[PDB]
Amino acid sequence: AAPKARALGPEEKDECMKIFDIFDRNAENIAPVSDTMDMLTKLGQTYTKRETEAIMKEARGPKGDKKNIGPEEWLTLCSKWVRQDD
């Protein structure tokens, strides 16, 4: 058993920085849209509505030459997505 899936919650924070540790630090520190696809598909499942789709689309960017979500972006939107930091 190499991949591991889990359900959401308050420690979905541990999820987002744990996949940040699998995907974003073996050697990348910048995970692109495609990484977000493997991420949200196999690390858990999905979120809700079109704004978590914002997660998925904003990860890349407007042009998308080499835009990726590095050290913080994936947990900062994950923290606002779950708890909301406004």
# chains A, B, ... in the order shown; residues from 1 in each chain; ligands from 1
$ residues_around --residues "segment 63-74 of chain A" --least-positions-apart "5" --cutoff "7 Å" --atoms "only C-alpha atoms" --output "number ranges by chain"
A: 24, 29-33
$ residues_around --residues "residue 77 of chain A" --least-positions-apart "5" --cutoff "10 Å" --atoms "only C-alpha atoms" --output "number ranges by chain"
A: 16, 52, 54-55, 58-59, 72, 82-85
$ residues_around --residues "segment 39-42 of chain A" --least-positions-apart "2" --cutoff "12 Å" --atoms "only C-alpha atoms" --output "number ranges by chain"
A: 2-8, 12, 15-24, 31-37, 44-47, 52-53, 55-56, 59, 74, 78
$ select_by_dssp --residues "chain A" --states "alpha helix (DSSP H)" --output "VMD selection string"
chain A and resid 12 to 23 33 to 38 49 to 60 73 to 82
$ atom_distance --atom1 "atom CA of residue 75 of chain A" --atom2 "atom CA of residue 9 of chain A"
14.3 Å
